[PDB]
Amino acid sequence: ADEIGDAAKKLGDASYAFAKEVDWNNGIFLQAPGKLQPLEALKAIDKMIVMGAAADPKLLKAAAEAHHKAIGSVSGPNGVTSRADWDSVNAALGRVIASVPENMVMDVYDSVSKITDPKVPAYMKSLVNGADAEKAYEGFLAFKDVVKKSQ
């Protein structure tokens, strides 16, 4: 057990209602988030590859395992995993983020933002309960503060 695991449980309280409202079977997620821009996207994918090579290999292993278990507990019409697996996944991802330098994480966020159309967040939010999405995000902000403290 660790502090990221404790923080993932609080994050789940704040975010699982949002998770249940996303339609994870929507084909939209395979689309570019705006105009397809292969050269810019490749730069973002490169920042991710750099980060994956920097990440602790045992923690990437554990984060993959957690996703395989989450897939096994999917149910209902939106394809949402169990509450327990939602928290497990978030904690395992938090540990991966904490295993690399902060600049590597920001480089991914910046490089993806560059290819992401300004309308995309609002359109995503419009398909769920707005208050639940806001509560999820304030949850994320509290969680990332625990993650940073392990980083």
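In this text, residue numbers run from 1 along the sequence as written.
Residue range whose averaged C-alpha B-factor is higher in the record, 1 to 9 or 142 to 150 = Result of the comparison: 142 to 150.
Segment of higher mean CA temperature factor, 28 to 36 or 95 to 103 | Going by the record's values, the stretch with the higher mean is 28 to 36.
If you compare 43, 83, 68, 58, which has the highest Cα B-factor in the entry?
-> Checking the PDB record, the top C-alpha B-factor among 43, 83, 68, 58 is at 58.
Select lowest, middle or highest to describe the third in which the CA B-factor of residue 54 falls within its chain in this entry.
-> Answer is highest: the recorded C-alpha B-factor places it there.
Pull the Cα B-factor of residue 22 out of the PDB entry and bin it into the chain's lowest, middle or highest third.
-> Within its chain, residue 22 is a lowest-third residue by C-alpha B-factor, going by the deposited values.
Taking the chain's C-alpha temperature factors as the reference, tell me which third residue 113 falls into: lowest, middle or highest.
-> Residue 113: CA B-factor falls in the highest third of its chain.
Where does residue 126 sit by CA temperature factor within its chain: lowest, middle or highest third?
-> Answer is highest: the recorded C-alpha B-factor places it there.
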